[PDB]
Structure formats: C-alpha cells, structure tokens
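Printed here is model.cif (mmCIF, C-alpha atoms):
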```
data_run
loop_
_atom_site.label_atom_id
_atom_site.label_comp_id
_atom_site.auth_asym_id
_atom_site.auth_seq_id
_atom_site.Cartn_x
_atom_site.Cartn_y
_atom_site.Cartn_z
CA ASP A 1 -18.88 1.38 -17.82
CA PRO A 2 -21.45 1.70 -14.88
CA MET A 3 -19.65 -1.20 -12.99
CA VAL A 4 -16.01 -0.11 -13.43
CA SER A 5 -17.81 2.99 -12.08
CA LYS A 6 -19.04 1.77 -8.64
CA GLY A 7 -16.23 -0.15 -6.87
CA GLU A 8 -13.87 2.03 -8.96
CA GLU A 9 -15.70 5.32 -7.83
CA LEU A 10 -14.72 4.53 -4.20
CA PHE A 11 -10.99 5.02 -5.15
CA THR A 12 -10.78 8.16 -7.16
CA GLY A 13 -9.31 10.33 -4.29
CA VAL A 14 -7.29 9.68 -1.07
CA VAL A 15 -8.80 6.80 1.02
CA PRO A 16 -7.82 6.30 4.75
CA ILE A 17 -6.43 2.83 5.49
CA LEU A 18 -6.45 0.67 8.73
CA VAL A 19 -4.62 -2.64 8.97
CA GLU A 20 -4.86 -5.06 11.94
CA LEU A 21 -2.81 -8.31 12.16
CA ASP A 22 -2.96 -11.17 14.69
CA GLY A 23 0.11 -13.41 14.29
CA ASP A 24 1.60 -16.61 15.67
CA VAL A 25 4.88 -17.92 14.13
CA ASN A 26 6.12 -21.14 15.83
CA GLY A 27 4.15 -20.08 18.96
CA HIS A 28 5.71 -16.64 19.06
CA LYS A 29 2.61 -14.47 19.27
CA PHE A 30 2.30 -10.88 18.19
CA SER A 31 -0.09 -8.16 17.04
CA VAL A 32 0.40 -5.30 14.61
CA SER A 33 -1.75 -2.16 13.96
CA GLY A 34 -1.20 -0.01 10.86
CA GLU A 35 -2.64 3.25 9.53
CA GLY A 36 -2.17 5.31 6.44
CA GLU A 37 -3.72 6.27 3.17
CA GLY A 38 -4.08 5.08 -0.41
CA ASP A 39 -4.45 7.06 -3.69
CA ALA A 40 -5.23 4.50 -6.41
CA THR A 41 -5.25 7.22 -9.14
CA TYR A 42 -1.42 7.20 -8.67
CA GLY A 43 -0.99 3.67 -7.31
CA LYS A 44 0.40 5.20 -4.10
CA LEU A 45 0.12 3.84 -0.49
CA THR A 46 1.80 5.29 2.65
CA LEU A 47 1.55 3.22 5.82
CA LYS A 48 2.97 3.00 9.30
CA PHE A 49 2.75 -0.25 11.37
CA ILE A 50 3.37 -0.75 15.11
CA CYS A 51 3.95 -3.97 16.95
CA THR A 52 1.47 -3.47 19.80
CA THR A 53 2.55 -6.52 21.78
CA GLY A 54 6.22 -5.54 22.04
CA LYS A 55 9.10 -6.90 19.90
CA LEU A 56 8.16 -8.28 16.51
CA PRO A 57 9.46 -11.93 16.42
CA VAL A 58 9.97 -11.96 12.67
CA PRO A 59 11.64 -9.42 10.31
CA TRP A 60 9.44 -6.52 9.26
CA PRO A 61 10.21 -7.23 5.54
CA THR A 62 8.66 -10.65 5.83
CA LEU A 63 5.27 -9.02 6.52
CA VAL A 64 5.24 -6.40 3.67
CA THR A 65 3.26 -8.50 1.25
CA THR A 66 0.76 -9.42 4.04
CA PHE A 67 0.14 -5.85 5.13
CA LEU A 68 -3.96 -3.66 -0.42
CA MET A 69 -4.11 -4.51 -4.17
CA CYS A 70 -7.33 -2.43 -4.53
CA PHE A 71 -4.95 0.58 -4.49
CA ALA A 72 -3.07 -0.50 -7.71
CA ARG A 73 -3.22 2.05 -10.51
CA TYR A 74 -5.08 0.29 -13.35
CA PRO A 75 -4.48 2.11 -16.66
CA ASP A 76 -7.78 3.18 -18.24
CA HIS A 77 -7.20 0.61 -21.07
CA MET A 78 -7.17 -2.22 -18.45
CA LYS A 79 -9.94 -1.09 -16.08
CA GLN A 80 -12.06 -4.16 -16.98
CA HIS A 81 -9.25 -6.28 -15.41
CA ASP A 82 -9.45 -4.71 -11.90
CA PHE A 83 -10.92 -7.42 -9.68
CA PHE A 84 -9.93 -5.72 -6.42
CA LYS A 85 -11.98 -2.57 -6.87
CA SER A 86 -14.95 -4.39 -8.46
CA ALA A 87 -15.39 -6.33 -5.19
CA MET A 88 -15.84 -3.08 -3.13
CA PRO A 89 -17.27 -1.89 -0.86
CA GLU A 90 -18.28 -5.38 0.47
CA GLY A 91 -14.66 -6.39 -0.12
CA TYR A 92 -12.73 -9.61 -0.70
CA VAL A 93 -10.87 -12.32 1.22
CA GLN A 94 -7.14 -12.62 0.38
CA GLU A 95 -5.52 -15.91 1.44
CA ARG A 96 -1.89 -16.84 1.01
CA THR A 97 0.71 -19.46 1.69
CA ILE A 98 4.15 -18.04 1.78
CA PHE A 99 6.92 -20.66 1.42
CA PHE A 100 10.27 -19.44 2.77
CA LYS A 101 12.90 -21.48 0.92
CA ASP A 102 14.71 -23.90 3.23
CA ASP A 103 12.56 -22.52 6.10
CA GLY A 104 8.99 -22.34 7.35
CA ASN A 105 5.79 -20.99 5.89
CA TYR A 106 3.20 -18.38 6.65
CA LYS A 107 -0.52 -18.96 5.96
CA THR A 108 -2.60 -15.83 6.01
CA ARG A 109 -6.27 -14.98 5.71
CA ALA A 110 -7.30 -11.34 5.32
CA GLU A 111 -10.61 -9.52 4.84
CA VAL A 112 -10.26 -6.32 2.89
CA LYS A 113 -13.33 -4.07 2.93
CA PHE A 114 -14.77 -0.62 3.71
CA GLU A 115 -15.81 0.31 7.22
CA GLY A 116 -17.39 3.66 6.52
CA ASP A 117 -14.98 5.81 4.48
CA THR A 118 -11.97 3.76 5.79
CA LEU A 119 -10.52 0.81 3.79
CA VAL A 120 -9.67 -1.93 6.32
CA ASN A 121 -7.32 -4.95 6.06
CA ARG A 122 -7.90 -7.49 8.90
CA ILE A 123 -5.41 -10.33 8.88
CA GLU A 124 -4.77 -13.65 10.79
CA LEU A 125 -1.27 -15.05 10.14
CA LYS A 126 0.01 -18.48 11.28
CA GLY A 127 3.64 -19.54 10.65
CA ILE A 128 4.92 -22.99 11.28
CA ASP A 129 8.02 -25.10 10.76
CA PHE A 130 10.51 -22.25 11.11
CA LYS A 131 14.11 -22.69 12.16
CA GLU A 132 14.89 -21.18 15.53
CA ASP A 133 18.07 -19.57 14.37
CA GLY A 134 17.10 -19.35 10.66
CA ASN A 135 16.90 -16.14 8.56
CA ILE A 136 13.37 -15.33 9.80
CA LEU A 137 13.23 -16.23 13.56
CA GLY A 138 17.02 -15.37 13.82
CA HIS A 139 16.42 -11.94 12.21
CA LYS A 140 19.06 -12.16 9.39
CA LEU A 141 17.09 -10.17 6.82
CA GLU A 142 18.07 -6.72 5.81
CA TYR A 143 15.65 -3.79 6.28
CA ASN A 144 15.06 -3.14 2.59
CA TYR A 145 12.90 -4.38 -0.21
CA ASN A 146 13.26 -5.25 -3.92
CA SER A 147 10.78 -4.36 -6.80
CA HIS A 148 8.91 -7.30 -8.12
CA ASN A 149 6.08 -8.15 -10.63
CA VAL A 150 2.99 -9.91 -9.22
CA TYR A 151 1.14 -12.22 -11.71
CA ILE A 152 -2.64 -12.28 -11.67
CA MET A 153 -5.08 -14.77 -13.28
CA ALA A 154 -8.75 -15.60 -13.07
CA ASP A 155 -9.94 -18.50 -10.91
CA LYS A 156 -13.52 -18.84 -12.33
CA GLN A 157 -14.37 -21.68 -9.82
CA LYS A 158 -14.05 -19.50 -6.70
CA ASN A 159 -15.46 -16.47 -8.60
CA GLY A 160 -12.13 -14.75 -7.90
CA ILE A 161 -8.48 -14.68 -8.80
CA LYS A 162 -5.21 -16.40 -8.19
CA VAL A 163 -1.93 -14.63 -7.79
CA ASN A 164 1.63 -16.04 -7.71
CA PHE A 165 5.00 -14.29 -7.30
CA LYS A 166 8.43 -14.71 -5.72
CA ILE A 167 9.95 -12.15 -3.31
CA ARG A 168 13.74 -12.31 -2.74
CA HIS A 169 14.61 -10.75 0.59
CA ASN A 170 18.22 -9.60 0.89
CA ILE A 171 20.02 -11.41 3.71
CA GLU A 172 22.73 -9.76 5.84
CA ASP A 173 25.52 -11.92 4.31
CA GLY A 174 24.78 -10.69 0.69
CA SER A 175 22.70 -13.72 -0.32
CA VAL A 176 18.86 -13.84 -0.65
CA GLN A 177 16.02 -15.54 1.21
CA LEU A 178 13.33 -16.54 -1.28
CA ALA A 179 9.72 -16.24 -0.27
CA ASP A 180 7.42 -18.09 -2.79
CA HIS A 181 3.88 -16.57 -2.67
CA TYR A 182 0.73 -18.36 -3.52
CA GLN A 183 -2.43 -16.33 -3.30
CA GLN A 184 -6.24 -16.49 -3.84
CA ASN A 185 -8.82 -13.74 -3.56
CA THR A 186 -12.58 -14.13 -3.59
CA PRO A 187 -15.37 -11.53 -3.11
CA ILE A 188 -17.18 -11.36 0.18
CA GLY A 189 -20.45 -10.16 -1.39
CA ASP A 190 -22.59 -11.96 -4.02
CA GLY A 191 -22.52 -9.12 -6.59
CA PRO A 192 -20.73 -9.22 -9.92
CA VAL A 193 -16.90 -8.98 -10.00
CA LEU A 194 -14.37 -8.64 -12.80
CA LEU A 195 -12.54 -11.76 -13.74
CA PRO A 196 -9.38 -10.52 -15.39
CA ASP A 197 -7.25 -11.71 -18.26
CA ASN A 198 -3.68 -12.67 -17.18
CA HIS A 199 -1.79 -9.50 -16.27
CA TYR A 200 0.66 -8.32 -13.62
CA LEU A 201 1.09 -5.59 -11.04
CA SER A 202 4.51 -3.91 -10.80
CA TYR A 203 5.45 -3.19 -7.25
CA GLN A 204 8.09 -1.02 -5.63
CA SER A 205 8.34 -0.65 -1.85
CA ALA A 206 10.47 1.49 0.41
CA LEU A 207 10.96 0.78 4.09
CA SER A 208 11.94 3.38 6.69
CA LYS A 209 11.67 4.27 10.36
CA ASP A 210 9.90 7.10 12.19
CA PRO A 211 12.75 8.80 14.12
CA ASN A 212 10.29 9.73 16.91
CA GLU A 213 8.92 6.27 17.32
CA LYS A 214 10.25 4.04 20.12
CA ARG A 215 7.89 1.10 19.57
CA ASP A 216 8.92 -1.60 17.13
CA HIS A 217 7.51 -0.40 13.82
CA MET A 218 7.77 -0.06 10.07
CA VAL A 219 7.06 2.82 7.70
CA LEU A 220 6.12 1.56 4.20
CA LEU A 221 5.76 3.54 0.96
CA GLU A 222 4.54 1.39 -2.03
CA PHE A 223 3.83 2.21 -5.71
CA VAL A 224 1.86 -0.30 -7.74
CA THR A 225 0.67 -0.14 -11.41
CA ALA A 226 -1.14 -2.80 -13.42
CA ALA A 227 0.32 -3.88 -16.78
CA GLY A 228 0.85 -6.62 -19.28
CA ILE A 229 -2.23 -6.03 -21.42
CA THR A 230 -0.99 -3.68 -24.19
#
```
Represent the structure contained in this file as structure tokens.
Amino acid sequence: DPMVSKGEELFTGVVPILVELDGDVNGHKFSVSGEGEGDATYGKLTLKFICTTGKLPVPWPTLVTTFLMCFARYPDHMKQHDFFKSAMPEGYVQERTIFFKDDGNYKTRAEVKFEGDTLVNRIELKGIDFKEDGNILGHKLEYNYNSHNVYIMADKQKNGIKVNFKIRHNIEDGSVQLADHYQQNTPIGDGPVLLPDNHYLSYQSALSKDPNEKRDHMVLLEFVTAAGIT
C-alpha cells in the first residue's frame, strides 16, 4: 500500500514532538510549552509541559487530552483505518468541546503537522462557564489519570473523522469529575486521507513530576494502540 506508505513512513522511528498552547479559562490566561518524542511503532509518547506564564489556573489532568493521535500504534491488519498518519506531513486540525459535568467547558482548536523533522501540536483553548470554586478552577482533581477507550468514526462530509469519549478524573474526595469529549479532525491539505471504519484507540497515561523542575509542569507518558477491527 503506497499510501499507507507515505504518511505512515514518517512514523516508523522516533519523531521529536513540540506542543504549544494558548489558553483562557474564565479570563484566567495562561500558556504552556511541551517537548518530547513519539514512537508510533510502539504507540509510545513521552512529553514534558511547562506553564510559561506562571501558575496553571486549571488542573494539569484536565489538559492531558488536549496536549497526538498520529502516534497511536495501528496493528498492520488495521493500517487502512489510520486517518491521523494519512494526513501527514501537511497535518490535520483537531477541534474539541469538552463538557465538564456540572461545570464549564473547554473548546479547543489544534493544528497538528510537521515542521521539518519535528511533529508540532499548536493549540488555542477557551474555557467558559466554570465555577470559581468548582473542581477545575478550585483545583480539586487528583494528579493521576485513568485508562480509557477513544471511539473513532468517519465524518465523510468534512473529509475527516469524529471522535467521542468520556474521561473520568478522580476528585480528591474519592468521587469523579466527568469530562465528556466531542472531537472532529479534518486534513489541512487537499490530498487523499483514510476514512476509517468504526474502531477505537486504547489509551493509558501516567502523570509525574520532574524533581529538578521548579516551574509549574507536567510529565506525561502515554501508550495508545488501535483496536476493534478483528
């Protein structure tokens, strides 16, 4: 497959990653820079993010999903279903609304593309209607993360895909803050892209801190593998 060759050929080894985020949640403004690397052969990504503006006004876990689906390991038997790589190097736009249950919402727009040998994720995030002293603005979410399936389907009208999944963030009191994700991706370029059959990505994420780092930051380790087409 000479197509599942091109976009796909850009991901066969370790790819450097840059992420840049401009954010405004209820007027609380902030910027984040992130760097790391992805190895799609194993579905592995290792990233570190720094709040460059000072204190992050929302919990780091709330931003995990916003901060690289092109790095999913697609089994050989499902390589025709890999939209994210097929859109490279010109890349794709990933838009979301994230509905925090009984709280506000984030709306994000990201461009994911190559700049030279580096895969870049440039994001604008706007959050509105949050509670002051709620789980998000009041920082009540634990610094951890659960494993979740992400469900993918074709959106033939936008020549892209739609994605839907729920994240439950563990709250400090033992309960959970649901974050309902609605997502759309569309290619930036005009070239052919794969429109997949319904399938899912299995995600696991691990959050940590760099013991030498005094800025507000997050270290993220993620494993992601496509499935659900036997």
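Note that the spacing between CA of residue 104 (chain A) and CA of residue 182 (chain A) amounts to 14.2 Å.
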Point to revise | A:157, A:66, A:105, A:146 ranked by distance to residue 127 (chain A), top pick (using all atoms listed in the file) | key: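 Of the candidates, the smallest distance to residue 127 (chain A) is held by A:105.
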Revision key, fill the gap. Residue 137 (chain A) proximity check over A:23, A:7, A:17, A:57, using only C-alpha atoms: winner is A:57
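Across A:147, A:12, A:164, A:52, the tightest approach to residue 32 (chain A) is made by A:52 when counting all atoms listed in the file.
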Exercise for review: Could you tell me which residues the PyMOL selection byres ((chain A and resi 121) around 10) returns for this structure, as number ranges by chain?
Suggested key: A: 17-21, 34, 66-68, 91-94, 110-114, 118-120, 122-123
Starting from the PyMOL selection byres ((chain A and resi 65) around 12), expand the selection into actual residues of this file and give them as a compact mmCIF listing (two decimals) with C-alpha atoms, keeping the file's coordinate frame.
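Dumped everything to selection_23.txt:
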```txt
# COMPACT_ATOMS: atom_id res chain seq x y z
CA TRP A 60 9.44 -6.52 9.26
CA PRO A 61 10.21 -7.23 5.54
CA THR A 62 8.66 -10.65 5.83
CA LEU A 63 5.27 -9.02 6.52
CA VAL A 64 5.24 -6.40 3.67
CA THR A 66 0.76 -9.42 4.04
CA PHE A 67 0.14 -5.85 5.13
CA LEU A 68 -3.96 -3.66 -0.42
CA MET A 69 -4.11 -4.51 -4.17
CA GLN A 94 -7.14 -12.62 0.38
CA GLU A 95 -5.52 -15.91 1.44
CA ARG A 96 -1.89 -16.84 1.01
CA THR A 97 0.71 -19.46 1.69
CA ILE A 98 4.15 -18.04 1.78
CA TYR A 106 3.20 -18.38 6.65
CA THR A 108 -2.60 -15.83 6.01
CA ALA A 110 -7.30 -11.34 5.32
CA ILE A 123 -5.41 -10.33 8.88
CA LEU A 125 -1.27 -15.05 10.14
CA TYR A 145 12.90 -4.38 -0.21
CA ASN A 146 13.26 -5.25 -3.92
CA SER A 147 10.78 -4.36 -6.80
CA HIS A 148 8.91 -7.30 -8.12
CA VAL A 150 2.99 -9.91 -9.22
CA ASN A 164 1.63 -16.04 -7.71
CA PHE A 165 5.00 -14.29 -7.30
CA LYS A 166 8.43 -14.71 -5.72
CA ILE A 167 9.95 -12.15 -3.31
CA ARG A 168 13.74 -12.31 -2.74
CA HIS A 169 14.61 -10.75 0.59
CA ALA A 179 9.72 -16.24 -0.27
CA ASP A 180 7.42 -18.09 -2.79
CA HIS A 181 3.88 -16.57 -2.67
CA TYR A 182 0.73 -18.36 -3.52
CA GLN A 183 -2.43 -16.33 -3.30
CA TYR A 203 5.45 -3.19 -7.25
CA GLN A 204 8.09 -1.02 -5.63
CA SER A 205 8.34 -0.65 -1.85
CA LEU A 220 6.12 1.56 4.20
CA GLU A 222 4.54 1.39 -2.03
```
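Here CA of residue 3 (chain A) stands at a distance of 7.3 Å from CA of residue 86 (chain A).
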**Study point:** Closest of A:16, A:40, A:128, A:134 to residue 99 (chain A) - atom-to-atom distances counting only C-alpha atoms
**Key:**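 Of A:16, A:40, A:128, A:134, the one nearest residue 99 (chain A), counting only C-alpha atoms, is A:128.
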Check your understanding: Counting all atoms listed in the file, which of A:228, A:138, A:211, A:191 gets nearest to residue 171 (chain A)?
Key -> A:138
Could you model N, CA and C atoms for region 200-219 of chain A and present them as a PDB file, in the frame of the given file?
```pdb
ATOM      1  N   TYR A 200      -0.186  -8.356 -14.808  1.00  0.00           N
ATOM      2  CA  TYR A 200       0.660  -8.320 -13.620  1.00  0.00           C
ATOM      3  C   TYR A 200       0.513  -6.920 -13.017  1.00  0.00           C
ATOM      4  N   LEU A 201       0.927  -6.862 -11.753  1.00  0.00           N
ATOM      5  CA  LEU A 201       1.090  -5.590 -11.040  1.00  0.00           C
ATOM      6  C   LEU A 201       2.573  -5.435 -10.807  1.00  0.00           C
ATOM      7  N   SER A 202       3.085  -4.244 -11.091  1.00  0.00           N
ATOM      8  CA  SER A 202       4.510  -3.910 -10.800  1.00  0.00           C
ATOM      9  C   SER A 202       4.486  -3.216  -9.464  1.00  0.00           C
ATOM     10  N   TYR A 203       5.321  -3.721  -8.574  1.00  0.00           N
ATOM     11  CA  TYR A 203       5.450  -3.190  -7.250  1.00  0.00           C
ATOM     12  C   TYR A 203       6.854  -2.658  -6.945  1.00  0.00           C
ATOM     13  N   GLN A 204       6.893  -1.537  -6.236  1.00  0.00           N
ATOM     14  CA  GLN A 204       8.090  -1.020  -5.630  1.00  0.00           C
ATOM     15  C   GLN A 204       7.716  -0.637  -4.186  1.00  0.00           C
ATOM     16  N   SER A 205       8.601  -0.947  -3.262  1.00  0.00           N
ATOM     17  CA  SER A 205       8.340  -0.650  -1.850  1.00  0.00           C
ATOM     18  C   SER A 205       9.597  -0.070  -1.173  1.00  0.00           C
ATOM     19  N   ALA A 206       9.368   0.837  -0.259  1.00  0.00           N
ATOM     20  CA  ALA A 206      10.470   1.490   0.410  1.00  0.00           C
ATOM     21  C   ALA A 206      10.115   1.438   1.892  1.00  0.00           C
ATOM     22  N   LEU A 207      11.049   0.914   2.647  1.00  0.00           N
ATOM     23  CA  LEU A 207      10.960   0.780   4.090  1.00  0.00           C
ATOM     24  C   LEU A 207      11.788   1.844   4.798  1.00  0.00           C
ATOM     25  N   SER A 208      11.222   2.383   5.888  1.00  0.00           N
ATOM     26  CA  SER A 208      11.940   3.380   6.690  1.00  0.00           C
ATOM     27  C   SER A 208      11.478   3.292   8.132  1.00  0.00           C
ATOM     28  N   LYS A 209      12.036   4.197   8.959  1.00  0.00           N
ATOM     29  CA  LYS A 209      11.670   4.270  10.360  1.00  0.00           C
ATOM     30  C   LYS A 209      11.235   5.679  10.716  1.00  0.00           C
ATOM     31  N   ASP A 210      10.382   5.778  11.707  1.00  0.00           N
ATOM     32  CA  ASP A 210       9.900   7.100  12.190  1.00  0.00           C
ATOM     33  C   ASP A 210      10.892   7.421  13.344  1.00  0.00           C
ATOM     34  N   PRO A 211      11.652   8.504  13.189  1.00  0.00           N
ATOM     35  CA  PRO A 211      12.750   8.800  14.120  1.00  0.00           C
ATOM     36  C   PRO A 211      12.221   9.130  15.544  1.00  0.00           C
ATOM     37  N   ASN A 212      10.933   9.476  15.638  1.00  0.00           N
ATOM     38  CA  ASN A 212      10.290   9.730  16.910  1.00  0.00           C
ATOM     39  C   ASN A 212       9.661   8.549  17.589  1.00  0.00           C
ATOM     40  N   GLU A 213       9.701   7.411  16.905  1.00  0.00           N
ATOM     41  CA  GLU A 213       8.920   6.270  17.320  1.00  0.00           C
ATOM     42  C   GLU A 213       9.809   5.279  18.075  1.00  0.00           C
ATOM     43  N   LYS A 214       9.487   5.021  19.339  1.00  0.00           N
ATOM     44  CA  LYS A 214      10.250   4.040  20.120  1.00  0.00           C
ATOM     45  C   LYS A 214       9.669   2.605  20.177  1.00  0.00           C
ATOM     46  N   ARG A 215       8.428   2.417  19.707  1.00  0.00           N
ATOM     47  CA  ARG A 215       7.890   1.100  19.570  1.00  0.00           C
ATOM     48  C   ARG A 215       8.528   0.446  18.307  1.00  0.00           C
ATOM     49  N   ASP A 216       8.395  -0.859  18.258  1.00  0.00           N
ATOM     50  CA  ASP A 216       8.920  -1.600  17.130  1.00  0.00           C
ATOM     51  C   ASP A 216       7.906  -1.333  15.996  1.00  0.00           C
ATOM     52  N   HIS A 217       8.453  -0.938  14.839  1.00  0.00           N
ATOM     53  CA  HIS A 217       7.510  -0.400  13.820  1.00  0.00           C
ATOM     54  C   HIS A 217       8.110  -0.490  12.445  1.00  0.00           C
ATOM     55  N   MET A 218       7.263  -0.246  11.428  1.00  0.00           N
ATOM     56  CA  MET A 218       7.770  -0.060  10.070  1.00  0.00           C
ATOM     57  C   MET A 218       6.954   0.989   9.337  1.00  0.00           C
ATOM     58  N   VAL A 219       7.659   1.872   8.621  1.00  0.00           N
ATOM     59  CA  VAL A 219       7.060   2.820   7.700  1.00  0.00           C
ATOM     60  C   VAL A 219       7.251   2.259   6.275  1.00  0.00           C
TER      61      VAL A 219
END
```
